[PDB]
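What follows is one structure encoded as C-alpha cells, with my remarks underneath.
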Amino acid sequence: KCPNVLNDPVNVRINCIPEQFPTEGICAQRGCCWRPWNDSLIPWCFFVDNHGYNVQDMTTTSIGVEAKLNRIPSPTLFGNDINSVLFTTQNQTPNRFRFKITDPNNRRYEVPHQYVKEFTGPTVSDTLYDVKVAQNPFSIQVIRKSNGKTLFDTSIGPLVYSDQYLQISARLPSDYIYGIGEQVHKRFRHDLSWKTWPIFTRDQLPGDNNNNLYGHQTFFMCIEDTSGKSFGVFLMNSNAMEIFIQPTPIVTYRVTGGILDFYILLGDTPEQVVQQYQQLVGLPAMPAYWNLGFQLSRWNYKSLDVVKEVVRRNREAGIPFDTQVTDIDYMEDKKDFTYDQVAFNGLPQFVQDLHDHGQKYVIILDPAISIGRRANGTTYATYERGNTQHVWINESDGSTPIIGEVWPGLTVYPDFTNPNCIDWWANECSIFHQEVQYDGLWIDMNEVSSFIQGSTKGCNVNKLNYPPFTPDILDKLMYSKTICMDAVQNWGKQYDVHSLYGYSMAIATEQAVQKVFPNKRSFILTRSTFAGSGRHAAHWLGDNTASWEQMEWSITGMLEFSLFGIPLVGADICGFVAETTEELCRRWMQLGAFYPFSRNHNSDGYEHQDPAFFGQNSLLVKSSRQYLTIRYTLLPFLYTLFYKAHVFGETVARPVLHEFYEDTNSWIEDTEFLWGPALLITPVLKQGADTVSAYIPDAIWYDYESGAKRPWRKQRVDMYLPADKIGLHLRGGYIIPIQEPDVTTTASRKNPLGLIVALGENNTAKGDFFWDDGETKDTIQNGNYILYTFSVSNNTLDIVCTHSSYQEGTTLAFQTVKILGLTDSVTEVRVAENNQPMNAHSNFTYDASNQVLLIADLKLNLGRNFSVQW
Ligand SMILES: *[C@@H]1O[C@H](CO)[C@@H](O[C@@H]2O[C@H](CO)[C@@H](O[C@@H]3O[C@H](CO[C@H]4O[C@H](CO)[C@@H](O)[C@H](O)[C@@H]4O)[C@@H](O)[C@H](O[C@H]4O[C@H](CO)[C@@H](O)[C@H](O)[C@@H]4O)[C@@H]3O)[C@H](O)[C@H]2NC(C)=O)[C@H](O)[C@H]1NC(C)=O
Ligand SMILES: *[C@@H]1O[C@H](CO)[C@@H](O[C@@H]2O[C@H](CO)[C@@H](O)[C@H](O)[C@H]2NC(C)=O)[C@H](O)[C@H]1NC(C)=O
Ligand SMILES: *[C@@H]1O[C@H](CO)[C@@H](O)[C@H](O)[C@H]1NC(C)=O
C-alpha cells in the first residue's frame with residue numbers, strides 16, 4: 001500500500017531499502033511502497049504507513065508514562081523482530097525529557113555509563129516541554145509549550161525494533177542542525193541533502209568522506225528561531241549505527257543493537273542546550289594551567305639527541321612552550337612502560353633538565369601489551385603481572401586471551417572495565433614513574449585498533465561478526481582494524497561495548513593519575529571518545545594532513561567537540577601526514593595559537609616542522625612567537641572560561657551563533673570562532689591569500705593589537721591580513737583578565753596581572769576572573785580559590801572579590817589596566833581601595849587617536865576590592 005495521492009511529497013519518504021540498491025521485488029517482499037524517481041537521492045521504496053507499532057494499554061506513573069506496544073504484523077526487515085515492546089517516559093527536569101523503548105521479556109544491552117545516574121524521582125511539575133503520544137500507529141511528539149512549536153515528531157515513519165536492527169525517525173522544526181561525530185563534516189551546519197553519517201569507534205586517517213572515525217558522539221543540537229530557542233537530541237547507545245539526514249528535515253537512526261534511549265533537551269539559547277547536555281552526561285574536567293601551554297611533539301625523533309636539539313633550538317628562538325611530548329620511539333621496541341636504553345640513553349636526566357626550566361614532559365601510552373620478551377631476553381614485567389591478575393580481554397569462550405597486533409608485534413588487550421585492570425594499570429604507571437618522571441599521559445590507539453583484522457586466528461562466522469544490517473562504516477566489516485565482535489569484556493560482548501573502550505581507558509587513566517600524582521590534575525589526552533569523556537580527558541582531532549582543506553576543517557571539528565562537552569580540544573598544528581609548507585605552517589601556527597589545546601605534531605619520516613626549524617630570524621618564528629605570546633598573555637582569561645566550563649558547562653571555543661543567534665547570518669558561519677563571549681578569531685584559510693571575507697557580527701569590535709575601534713558592525717567585510725597577521729578582535733562590553741607573558745606557564749604565573757576593558761555602546765563592561773594554584777584536583781570543590789567580578793560604568797571600574805581562600809595568590813596584583821574605546825579625553829585618574837577615599841594616580845597615558853587609556857604601575861592586590869576612575 002502507497003499514499004492515496006499519486007504525485008505524493010518526496011521529502012517525507014522514509015527509505016525501506018536503506019542498505020542496498022532498490023528493486024521492485026525486495027520492495028514487495030518487505031511490504032513497502034514501490035514508486036521510482038528521476039534521481040537516486042529520493043527513496044524508490046519507502047514505508048508509507050505499513051510498518052510500526054500500536055499502543056494497547058498505556059498508564060501514568062509519577063515520573064511519566066508507561067505503554068505496551070505491539071508490532072503491526074508486516075513482513076520482517078532483517079529478521080528477529082520483537083512483537084511485544086515497552087515504551088517508558090521520564091520527566092527528569094523542567095528542561096530534559098527522556099524516553100526509552102525496551103524488551104520486557106529480555107534484558108537487552110544498555111550502555112553502562114559511569115556518570116548518567118538512574119532516575120526515580122522526585123516528580124517535576126511545570127516543565128517546558130509537552131509530550132503527546134499517538135495511539136495507532138504509535139508515535140511520540142515533544143512540544144515546547146511556551147509557544148506550541150513541535151520539536152521532535154516520530155509520527156513521520158515507523159518504529160522498527162528487531163534484535164539487530166533498530167529504527168526511529170524524527171521531524172525537526174528548522175533546517176539548522178549541528179553535531180554528530182566523529183566524522184569530517186567540513187561545514188559546521190549540516191547539509192540536509194540526503195546524507196549518511198556512520199558512528200562506530202575506528203582508527204582511520206580523517207579525509208574528505210563520511211568515514212566513522214575515532215569517537216562516538218550521537219548528540220546533535222538544533223536552533224528553532226531568531227529568539228535563540230533551541231533543543232538537543234542525545235541517543236544513549238554504543239552499538240554501530242547510521243544517522244541519516246534528509247530534507248524537511250527528518251533525521252533517522254538505524255542502529256545494530258541495544259535499546260532506544262533518547263534524551264531531549266530544551267534551552268533558551270544554544271549555549272543553554274550545550275549546558276543542559278553536560279549537566280546530564282558530566283561536566284568537563286578542569287585542566288591544569290600548564291595543559292594550556294604550547295606543546296611540541298613528533299612521531300619518531302629517532303634518538304634523544306634529536307629531541308634535545310629540537311628543545312634547545314626552540315628555547316633559543318624565544319618560543320613559548322610548556323611541554324615536550326615524546327611518541328612511541330621513546331620506548332624499547334615500542335613496548336609500554338619501558339624506554340630505549342640505547343638511543344634514548346639519559347632520559348631521566350633530560351626529564352630533569354625539562355623540570356629545571358619549568359617545563360613538562362608527556363609520554364604516549366598504548367593499550368596493547370606485548371606478549372614478547374624484553375631486549376636482553378628478560379621477562380617483560382608488565383605482561384607477566386597482567387597474566388597474574390587476569391587483566392586481559394578474552395575470546396568468545398571467556399578463557400583464552402585474544403591476540404591482536406599493534407606497534408610491538410603481537411599483543412593482548414587490557415579490559416579497562418575490570419576493576420582489577422584499573423588497579424593493574426594504576427600500578428604500572430606508578431612503577432614506571434619511579435624510573436621516568438613523566439608529568440602527563442597521552443593514551444592513543446584507544447578505539448581498540450588492531451593492525452590485523454579480528455584476531456591472530458581470524459573470526460568465527462556468526463551473526464555478531466557478520467550482522468544482518470551493517471551501517472555505512474568503512475570496509476563495511478565490523479571487525480576491520482579492531483578485534484572480534486564476540487570477544488568478552490566485563491561490561492559485555494565486543495559487539496555491544498566496542499565504542500566504550502576508549503572511554504573506559506580514560507576512566508582507568510584518571511584513577512592511575514590519582515595513584516601517581518596524588519591530588520594533582522596532570523594531563524590525559526585521549527583519541528577515542530564516548531559521550532562525556534570530557535569529564536576524564538582532553539581530545540585532539542587525530543591524524544590530519546598538511547593541507548589547507550584540513551586546516552579549514554579543523555575549526556568546524558573543534559567546534560563540534562565544544563558541543564560534546566570536551567572543551568580542551570585542538571588539531572595537530574601544521575599537519576601530521578605529509579611535509580608542510582613554510583606558508584601553510586606559518587598560518588596554522590597563527591590559528592593554532594588559539595586552539596584550546598595547542599600542539600604541533602608530525603608523522604614519521606617527514607621533515608621537521610617545529611617553529612625554530614624554519615630559521616631563527618624567519619618570518620614564521622617572528623609570527624609564531626608573537627601569537628603564542630598573545631596566547632600566554634590571555635591565559636588567565638582562557639583558564640577562567642575553563643572554570644566556567646567545569647562549573648556551569650559553558651563552551652570555551654564557541655561558534656559565533658552561540659553569541660549572535662539574533663542574526664541568521666551567524667547560523668552558518670564556521671570559518672571563525674570565539675574564545676567565550678569576548679574574543680573573535682578570524683584566520684586565513686586559503687593558500688596564497690592576503691585577504692579574507694569575514695562576517696563581523698552585531699557588536700562593537702576593537703583590534704586586539706592596536707586597540708582601535710573597527711568601523712564594522714553586522715556585515716561582511718574584506719579583512720586585510722598580510723603574511724604576519726591574524727584577525728583578533730575584542731567585543732565591546734567585556735573585561736578580560738591578562739598576565740604578563742613568559743616562555744612557560746610556571747614562569748608566567750608569578751608575573752603581574754592586568755585588565756582589558758573593551759567599552760560597549762552604553763559605556764558598560766562586565767567580566768570575571770578565577771585564580772587558584774592551577775593543579776590541585778579539588779580546589780573548586782573545597783573553596784580554595786580567588787573569584788573576581790569586574791564592572792565598568794560612569795567611567796569607573798569596580799574590582800570586587802567575591803571569594804578569597806588561596807594565600808599564595810595574594811602575592812599577585814593587577815598592575816596595569818588598559819581601556820579601549822573612550823568617548824571623552826582623560827585628565828585625572830583616581831584609585832581607591834575598599835571604600836576609603838580616592839587618591840590621585842600619576843602613571844597613565846591617554847591616546848586620543850585610538851581613544852585608548854592605559855593605566856600603568858598599580859598595586860591592586862588579589863584578595864581585596866578596588867575602584868578606578870578616569
Ligand atoms: C551613572 O550616571 C548616571 C548619571 O546620568 C546616573 O543615572 C542617573 O540617576 C539619577 C538619580 O541618581 C537620575 O535622576 C533622576 O531621574 C528621574 C527619572 O527617573 C527614571 O528614569 C531614569 C532615566 O531613565 C532612571 O535612571 C531612573 O531609575 C528612573 O527609572 C527624574 O524624574 C528625577 O528628577 C526629579 O527632579 C526633577 C527636577 O529636578 C523633577 O522633575 C522630578 O519630579 C524628580 O523629582 C532625577 O533627575 C538620572 O535620570 C539618571 N541618569 C540618566 C540620564 O539616566 C547613575 O546613577 C550613574 N551610576 C551610578 C550607580 O552611580
Ligand atoms: C578471562 O579469563 C580469565 C582467565 O581465564 C578470567 O580470570 C578469572 O578471574 C577471577 C577474578 O580475577 C579469578 O579469581 C580467577 O582466577 C580467574 N580464572 C581463571 C581460571 O584463571 C577472567 O575473568 C576472564 N575475563 C573476562 C572478562 O571474560
Ligand atoms: C522529476 O520528475 C518530476 C515529476 O514527474 C518533474 O516535475 C521533475 O522536473 C523531474 N526532474 C527532471 C530532472 O526532469
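Residues are referred to by chain and number: the chain letter is A, B, ... according to the order shown in the C-alpha cells, the number counts from 1 in that chain, and ligands are numbered separately from 1 in the order shown.
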Near-ligand residues for ligand 1, threshold 12 Å, only C-alpha atoms and all ligand atoms, as number ranges by chain: A: 762-764, 791-798
Return as a PyMOL selection string the full set of residues in region 156-287 of chain A whose backbone-based DSSP assignment is strand (DSSP E). chain A and resi 160-162+165-171+177-181+195-199+217-223+230-235+241-246+250-255+260-267
Go through region 564-628 of chain A residue by residue and, counting only C-alpha atoms, keep those with an atom at most 12 Å from region 740-755 of chain A; for each kept residue give the shortest atom pair and its distance in Å to one decimal, ordered by chain and increasing number, as a Markdown table.
```
| residue | atom | partner | partner_atom | distance |
| --- | --- | --- | --- | --- |
| A:625 | CA | A:743 | CA | 9.6 |
| A:626 | CA | A:741 | CA | 10.8 |
| A:627 | CA | A:741 | CA | 11.2 |
| A:628 | CA | A:743 | CA | 9.1 |
```
Per residue of chain A within 10 Å of ligand 3, note the shortest atom pair and the distance in Å to one decimal, counting only C-alpha atoms and all ligand atoms, and order the rows by chain and increasing residue number, as a Markdown table.
```
| residue | atom | partner | partner_atom_place_in_ligand_line | distance |
| --- | --- | --- | --- | --- |
| A:7 | CA | ligand 3 | 4 (C) | 7.5 |
| A:8 | CA | ligand 3 | 4 (C) | 9.9 |
| A:36 | CA | ligand 3 | 2 (O) | 9.9 |
| A:37 | CA | ligand 3 | 1 (C) | 6.7 |
| A:38 | CA | ligand 3 | 1 (C) | 4.8 |
| A:39 | CA | ligand 3 | 1 (C) | 7.5 |
```
Wanna dump the chain A-ligand 2 contacts at 9 Å for me, each residue with its shortest atom pair and the distance in Å to one decimal, counting only C-alpha atoms and all ligand atoms, ordered by chain and number, as JSON lines?
```
{"residue": "A:387", "atom": "CA", "partner": "ligand 2", "partner_atom_place_in_ligand_line": "4 (C)", "distance": 8.2}
{"residue": "A:388", "atom": "CA", "partner": "ligand 2", "partner_atom_place_in_ligand_line": "16 (O)", "distance": 8.5}
{"residue": "A:389", "atom": "CA", "partner": "ligand 2", "partner_atom_place_in_ligand_line": "12 (O)", "distance": 6.1}
{"residue": "A:390", "atom": "CA", "partner": "ligand 2", "partner_atom_place_in_ligand_line": "7 (O)", "distance": 4.8}
{"residue": "A:391", "atom": "CA", "partner": "ligand 2", "partner_atom_place_in_ligand_line": "25 (N)", "distance": 7.1}
{"residue": "A:392", "atom": "CA", "partner": "ligand 2", "partner_atom_place_in_ligand_line": "1 (C)", "distance": 6.4}
{"residue": "A:393", "atom": "CA", "partner": "ligand 2", "partner_atom_place_in_ligand_line": "25 (N)", "distance": 5.9}
{"residue": "A:394", "atom": "CA", "partner": "ligand 2", "partner_atom_place_in_ligand_line": "1 (C)", "distance": 4.9}
{"residue": "A:395", "atom": "CA", "partner": "ligand 2", "partner_atom_place_in_ligand_line": "28 (O)", "distance": 7.8}
{"residue": "A:396", "atom": "CA", "partner": "ligand 2", "partner_atom_place_in_ligand_line": "28 (O)", "distance": 8.4}
{"residue": "A:397", "atom": "CA", "partner": "ligand 2", "partner_atom_place_in_ligand_line": "28 (O)", "distance": 8.2}
{"residue": "A:398", "atom": "CA", "partner": "ligand 2", "partner_atom_place_in_ligand_line": "28 (O)", "distance": 4.5}
{"residue": "A:399", "atom": "CA", "partner": "ligand 2", "partner_atom_place_in_ligand_line": "5 (O)", "distance": 3.7}
{"residue": "A:400", "atom": "CA", "partner": "ligand 2", "partner_atom_place_in_ligand_line": "5 (O)", "distance": 6.0}
{"residue": "A:401", "atom": "CA", "partner": "ligand 2", "partner_atom_place_in_ligand_line": "1 (C)", "distance": 6.5}
{"residue": "A:415", "atom": "CA", "partner": "ligand 2", "partner_atom_place_in_ligand_line": "27 (C)", "distance": 6.9}
{"residue": "A:417", "atom": "CA", "partner": "ligand 2", "partner_atom_place_in_ligand_line": "27 (C)", "distance": 8.4}
{"residue": "A:418", "atom": "CA", "partner": "ligand 2", "partner_atom_place_in_ligand_line": "27 (C)", "distance": 7.0}
{"residue": "A:420", "atom": "CA", "partner": "ligand 2", "partner_atom_place_in_ligand_line": "12 (O)", "distance": 6.7}
{"residue": "A:487", "atom": "CA", "partner": "ligand 2", "partner_atom_place_in_ligand_line": "28 (O)", "distance": 8.3}
{"residue": "A:488", "atom": "CA", "partner": "ligand 2", "partner_atom_place_in_ligand_line": "28 (O)", "distance": 5.1}
{"residue": "A:489", "atom": "CA", "partner": "ligand 2", "partner_atom_place_in_ligand_line": "27 (C)", "distance": 4.2}
{"residue": "A:490", "atom": "CA", "partner": "ligand 2", "partner_atom_place_in_ligand_line": "27 (C)", "distance": 4.3}
{"residue": "A:491", "atom": "CA", "partner": "ligand 2", "partner_atom_place_in_ligand_line": "27 (C)", "distance": 7.9}
{"residue": "A:492", "atom": "CA", "partner": "ligand 2", "partner_atom_place_in_ligand_line": "27 (C)", "distance": 8.1}
```
Writing out the chosen residues with N, CA and C atoms as an mmCIF file, in the first residue's frame:
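This is the output file again_2.cif:
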```
data_model
loop_
_atom_site.group_PDB
_atom_site.id
_atom_site.type_symbol
_atom_site.label_atom_id
_atom_site.label_comp_id
_atom_site.auth_asym_id
_atom_site.auth_seq_id
_atom_site.Cartn_x
_atom_site.Cartn_y
_atom_site.Cartn_z
ATOM 1 N N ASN A 387 49.138 -11.112 33.297
ATOM 2 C CA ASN A 387 48.700 -12.500 33.343
ATOM 3 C C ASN A 387 48.245 -12.891 34.733
ATOM 4 N N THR A 388 49.105 -12.634 35.723
ATOM 5 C CA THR A 388 48.855 -13.000 37.119
ATOM 6 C C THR A 388 47.491 -12.507 37.584
ATOM 7 N N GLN A 389 47.170 -11.255 37.268
ATOM 8 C CA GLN A 389 45.928 -10.651 37.726
ATOM 9 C C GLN A 389 44.748 -10.840 36.787
ATOM 10 N N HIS A 390 44.966 -11.560 35.684
ATOM 11 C CA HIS A 390 43.922 -11.898 34.695
ATOM 12 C C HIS A 390 43.185 -10.684 34.139
ATOM 13 N N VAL A 391 43.966 -9.790 33.556
ATOM 14 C CA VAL A 391 43.550 -8.444 33.214
ATOM 15 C C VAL A 391 42.993 -8.339 31.790
ATOM 16 N N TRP A 392 43.230 -9.365 30.982
ATOM 17 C CA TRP A 392 43.038 -9.293 29.533
ATOM 18 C C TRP A 392 41.604 -9.477 29.050
ATOM 19 N N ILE A 393 41.369 -9.125 27.786
ATOM 20 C CA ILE A 393 40.110 -9.388 27.089
ATOM 21 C C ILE A 393 40.176 -10.770 26.469
ATOM 22 N N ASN A 394 39.166 -11.586 26.744
ATOM 23 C CA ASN A 394 39.134 -12.981 26.323
ATOM 24 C C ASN A 394 38.364 -13.161 25.030
ATOM 25 N N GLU A 395 38.587 -14.299 24.362
ATOM 26 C CA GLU A 395 37.792 -14.739 23.200
ATOM 27 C C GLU A 395 36.399 -15.152 23.643
ATOM 28 N N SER A 396 35.574 -15.563 22.686
ATOM 29 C CA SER A 396 34.182 -15.930 22.973
ATOM 30 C C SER A 396 33.995 -17.047 24.016
ATOM 31 N N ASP A 397 34.998 -17.909 24.183
ATOM 32 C CA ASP A 397 34.984 -18.917 25.252
ATOM 33 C C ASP A 397 35.028 -18.286 26.642
ATOM 34 N N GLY A 398 35.650 -17.118 26.764
ATOM 35 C CA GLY A 398 35.759 -16.447 28.056
ATOM 36 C C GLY A 398 36.920 -16.906 28.924
ATOM 37 N N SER A 399 37.930 -17.515 28.299
ATOM 38 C CA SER A 399 39.113 -18.016 28.998
ATOM 39 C C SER A 399 40.381 -17.558 28.291
ATOM 40 N N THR A 400 40.521 -17.934 27.019
ATOM 41 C CA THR A 400 41.715 -17.612 26.236
ATOM 42 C C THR A 400 41.762 -16.119 25.931
ATOM 43 N N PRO A 401 42.870 -15.450 26.293
ATOM 44 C CA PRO A 401 43.054 -14.062 25.889
ATOM 45 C C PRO A 401 43.177 -13.921 24.367
ATOM 46 N N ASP A 415 41.295 -5.191 29.635
ATOM 47 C CA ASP A 415 39.867 -4.922 29.773
ATOM 48 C C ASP A 415 39.632 -3.859 30.843
ATOM 49 N N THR A 417 37.426 -2.197 31.869
ATOM 50 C CA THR A 417 36.110 -2.189 32.509
ATOM 51 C C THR A 417 36.129 -3.090 33.742
ATOM 52 N N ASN A 418 37.240 -3.799 33.902
ATOM 53 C CA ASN A 418 37.532 -4.670 35.043
ATOM 54 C C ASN A 418 38.210 -3.890 36.175
ATOM 55 N N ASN A 420 39.913 -4.899 38.493
ATOM 56 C CA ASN A 420 41.277 -5.437 38.659
ATOM 57 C C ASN A 420 42.271 -4.865 37.664
ATOM 58 N N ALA A 487 34.229 -11.062 21.273
ATOM 59 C CA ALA A 487 35.152 -11.006 22.409
ATOM 60 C C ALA A 487 34.410 -10.579 23.660
ATOM 61 N N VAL A 488 34.781 -11.168 24.798
ATOM 62 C CA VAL A 488 34.114 -10.913 26.086
ATOM 63 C C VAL A 488 34.896 -9.938 26.975
ATOM 64 N N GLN A 489 34.211 -8.898 27.458
ATOM 65 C CA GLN A 489 34.735 -7.978 28.484
ATOM 66 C C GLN A 489 33.777 -7.943 29.663
ATOM 67 N N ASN A 490 34.217 -7.384 30.776
ATOM 68 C CA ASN A 490 33.358 -7.304 31.936
ATOM 69 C C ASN A 490 32.008 -6.581 31.691
ATOM 70 N N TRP A 491 31.990 -5.477 30.935
ATOM 71 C CA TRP A 491 30.727 -4.770 30.639
ATOM 72 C C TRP A 491 29.871 -5.471 29.597
ATOM 73 N N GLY A 492 30.468 -6.370 28.822
ATOM 74 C CA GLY A 492 29.730 -7.113 27.795
ATOM 75 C C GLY A 492 30.525 -7.608 26.589
#
```
List as JSON lines every residue of region 200-305 of chain A that is in contact with region 432-453 of chain A, defined as an atom at most 12 Å from one of its atoms (using only C-alpha atoms), together with the nearest atom pair and the distance in Å rounded to one decimal, sorted by chain and then rising number.
```
{"residue": "A:200", "atom": "CA", "partner": "A:447", "partner_atom": "CA", "distance": 9.1}
{"residue": "A:201", "atom": "CA", "partner": "A:447", "partner_atom": "CA", "distance": 5.4}
{"residue": "A:202", "atom": "CA", "partner": "A:447", "partner_atom": "CA", "distance": 5.4}
{"residue": "A:203", "atom": "CA", "partner": "A:449", "partner_atom": "CA", "distance": 6.0}
{"residue": "A:204", "atom": "CA", "partner": "A:449", "partner_atom": "CA", "distance": 9.4}
{"residue": "A:212", "atom": "CA", "partner": "A:447", "partner_atom": "CA", "distance": 11.2}
{"residue": "A:213", "atom": "CA", "partner": "A:447", "partner_atom": "CA", "distance": 8.9}
{"residue": "A:214", "atom": "CA", "partner": "A:447", "partner_atom": "CA", "distance": 6.1}
{"residue": "A:215", "atom": "CA", "partner": "A:447", "partner_atom": "CA", "distance": 7.6}
{"residue": "A:216", "atom": "CA", "partner": "A:447", "partner_atom": "CA", "distance": 9.6}
{"residue": "A:287", "atom": "CA", "partner": "A:440", "partner_atom": "CA", "distance": 11.6}
{"residue": "A:288", "atom": "CA", "partner": "A:440", "partner_atom": "CA", "distance": 10.4}
{"residue": "A:290", "atom": "CA", "partner": "A:439", "partner_atom": "CA", "distance": 10.3}
{"residue": "A:291", "atom": "CA", "partner": "A:440", "partner_atom": "CA", "distance": 9.2}
{"residue": "A:297", "atom": "CA", "partner": "A:442", "partner_atom": "CA", "distance": 11.6}
```
Any chance you could export the current selection's N, CA, C and O atoms as a PDB file, in the first residue's frame?
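Dumped everything to part.pdb:
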```pdb
ATOM      1  N   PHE A 200      30.807   4.632  14.778  1.00  0.00           N
ATOM      2  CA  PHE A 200      31.388   3.418  15.318  1.00  0.00           C
ATOM      3  C   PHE A 200      32.854   3.711  15.439  1.00  0.00           C
ATOM      4  O   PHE A 200      33.490   4.150  14.483  1.00  0.00           O
ATOM      5  N   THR A 201      33.373   3.480  16.635  1.00  0.00           N
ATOM      6  CA  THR A 201      34.716   3.866  17.006  1.00  0.00           C
ATOM      7  C   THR A 201      35.733   3.153  16.095  1.00  0.00           C
ATOM      8  O   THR A 201      35.612   1.952  15.858  1.00  0.00           O
ATOM      9  N   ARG A 202      36.688   3.902  15.533  1.00  0.00           N
ATOM     10  CA  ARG A 202      37.543   3.384  14.448  1.00  0.00           C
ATOM     11  C   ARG A 202      38.822   4.176  14.202  1.00  0.00           C
ATOM     12  O   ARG A 202      38.769   5.399  14.166  1.00  0.00           O
ATOM     13  N   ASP A 203      39.948   3.468  13.993  1.00  0.00           N
ATOM     14  CA  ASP A 203      41.264   4.080  13.641  1.00  0.00           C
ATOM     15  C   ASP A 203      41.324   4.309  12.145  1.00  0.00           C
ATOM     16  O   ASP A 203      41.211   3.371  11.367  1.00  0.00           O
ATOM     17  N   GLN A 204      41.482   5.557  11.735  1.00  0.00           N
ATOM     18  CA  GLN A 204      41.418   5.898  10.322  1.00  0.00           C
ATOM     19  C   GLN A 204      41.903   7.320  10.125  1.00  0.00           C
ATOM     20  O   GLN A 204      41.567   8.195  10.915  1.00  0.00           O
ATOM     21  N   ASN A 212      33.385   6.848   9.589  1.00  0.00           N
ATOM     22  CA  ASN A 212      33.353   6.848  11.039  1.00  0.00           C
ATOM     23  C   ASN A 212      34.773   6.922  11.554  1.00  0.00           C
ATOM     24  O   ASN A 212      35.632   6.150  11.137  1.00  0.00           O
ATOM     25  N   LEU A 213      35.040   7.853  12.451  1.00  0.00           N
ATOM     26  CA  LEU A 213      36.389   7.974  12.990  1.00  0.00           C
ATOM     27  C   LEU A 213      36.493   7.637  14.475  1.00  0.00           C
ATOM     28  O   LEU A 213      35.748   6.810  14.987  1.00  0.00           O
ATOM     29  N   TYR A 214      37.414   8.298  15.157  1.00  0.00           N
ATOM     30  CA  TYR A 214      37.899   7.858  16.446  1.00  0.00           C
ATOM     31  C   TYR A 214      36.863   7.822  17.549  1.00  0.00           C
ATOM     32  O   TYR A 214      36.872   6.909  18.372  1.00  0.00           O
ATOM     33  N   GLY A 215      35.984   8.821  17.569  1.00  0.00           N
ATOM     34  CA  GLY A 215      34.985   8.976  18.631  1.00  0.00           C
ATOM     35  C   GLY A 215      33.566   8.582  18.274  1.00  0.00           C
ATOM     36  O   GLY A 215      33.226   8.443  17.116  1.00  0.00           O
ATOM     37  N   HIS A 216      32.734   8.431  19.294  1.00  0.00           N
ATOM     38  CA  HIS A 216      31.349   8.010  19.145  1.00  0.00           C
ATOM     39  C   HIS A 216      30.431   8.975  19.891  1.00  0.00           C
ATOM     40  O   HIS A 216      30.206   8.834  21.089  1.00  0.00           O
ATOM     41  N   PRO A 287      41.161  21.649  33.609  1.00  0.00           N
ATOM     42  CA  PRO A 287      42.532  21.289  33.296  1.00  0.00           C
ATOM     43  C   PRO A 287      43.519  21.916  34.267  1.00  0.00           C
ATOM     44  O   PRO A 287      43.161  22.827  35.005  1.00  0.00           O
ATOM     45  N   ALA A 288      44.750  21.415  34.269  1.00  0.00           N
ATOM     46  CA  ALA A 288      45.850  22.080  34.951  1.00  0.00           C
ATOM     47  C   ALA A 288      46.228  23.270  34.093  1.00  0.00           C
ATOM     48  O   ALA A 288      46.154  23.193  32.877  1.00  0.00           O
ATOM     49  N   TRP A 290      49.031  24.409  33.175  1.00  0.00           N
ATOM     50  CA  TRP A 290      50.065  24.062  32.194  1.00  0.00           C
ATOM     51  C   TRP A 290      49.578  23.252  30.985  1.00  0.00           C
ATOM     52  O   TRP A 290      50.243  23.211  29.947  1.00  0.00           O
ATOM     53  N   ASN A 291      48.421  22.616  31.108  1.00  0.00           N
ATOM     54  CA  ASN A 291      47.766  21.987  29.956  1.00  0.00           C
ATOM     55  C   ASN A 291      47.527  22.966  28.812  1.00  0.00           C
ATOM     56  O   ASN A 291      47.424  22.567  27.658  1.00  0.00           O
ATOM     57  N   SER A 297      56.009  18.177  19.635  1.00  0.00           N
ATOM     58  CA  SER A 297      55.904  16.735  19.516  1.00  0.00           C
ATOM     59  C   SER A 297      56.181  16.296  18.089  1.00  0.00           C
ATOM     60  O   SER A 297      56.060  17.084  17.159  1.00  0.00           O
TER      61      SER A 297
END
```
For residue 33 (chain A): contacts at 6 Å, only C-alpha atoms, fewer than 6 positions along chain excluded, given as a PyMOL selection string: chain A and resi 1-2+45-46
Okay, now the selection with N, CA, C and O atoms, as a short mmCIF file (atom, residue, chain, number, x, y, z; two decimals), in the first residue's frame?
```cif
data_model
loop_
_atom_site.label_atom_id
_atom_site.label_comp_id
_atom_site.auth_asym_id
_atom_site.auth_seq_id
_atom_site.Cartn_x
_atom_site.Cartn_y
_atom_site.Cartn_z
N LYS A 1 0.78 -1.31 0.00
CA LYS A 1 0.00 0.00 0.00
C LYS A 1 0.80 1.34 0.00
O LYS A 1 1.78 1.51 0.71
N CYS A 2 0.32 2.29 -0.80
CA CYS A 2 1.00 3.55 -1.09
C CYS A 2 0.13 4.74 -0.73
O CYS A 2 -1.06 4.55 -0.45
N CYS A 45 11.76 2.92 -2.76
CA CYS A 45 10.96 2.03 -1.94
C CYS A 45 10.92 2.58 -0.53
O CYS A 45 11.97 2.71 0.11
N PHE A 46 9.72 2.90 -0.04
CA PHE A 46 9.55 3.53 1.28
C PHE A 46 8.36 2.96 2.07
O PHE A 46 7.36 2.57 1.48
#
```
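Closest approach to residue 619 (chain A) from the set A:590, A:341, A:359, A:62 is made by A:590, with distances taken over only C-alpha atoms.
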I need the residues of region 607-759 of chain A that end up classed as alpha helix (DSSP H) by DSSP on the backbone, written out as an NGL selection string. :A and (619-633 or 635-648 or 745-748)
Find the residues near residue 194 (chain A): any atom within 8 Å, counting only C-alpha atoms, skip ones fewer than 3 places away on the same chain, and give them as an NGL selection string. :A and (41-42 or 244-247)
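For the pair CA of residue 648 (chain A) and CA of residue 567 (chain A), the separation is 12.6 Å.
Counting only C-alpha atoms, the residue from A:240, A:222, A:319, A:168 that sits nearest to residue 497 (chain A) is A:240.
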Pick from A:493, A:355, A:107, A:818: nearest to residue 868 (chain A), with only C-alpha atoms counted? A:818
Name the residues in contact with residue 655 (chain A) at a cut-off of 12 Å, using only C-alpha atoms, excluding same-chain residues fewer than 3 positions from it; report them as number ranges by chain. A: 178, 188-189, 270-271, 274, 555-563, 650-652, 658-661, 666-682, 697
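Counting only C-alpha atoms, residue 569 (chain A) has the following residues at most 7 Å away, ignoring those fewer than 2 positions along the same chain: residues 538, 539, 540, 558, 566, 567, 596 and 597 of chain A.
With distances restricted to only C-alpha atoms, A:564 is the closest residue to residue 278 (chain A) from A:806, A:301, A:769, A:564.
With only C-alpha atoms as the atoms that count, the minimum distance from residue 470 (chain A) to the choices A:241, A:410, A:192, A:855 is reached by A:241.
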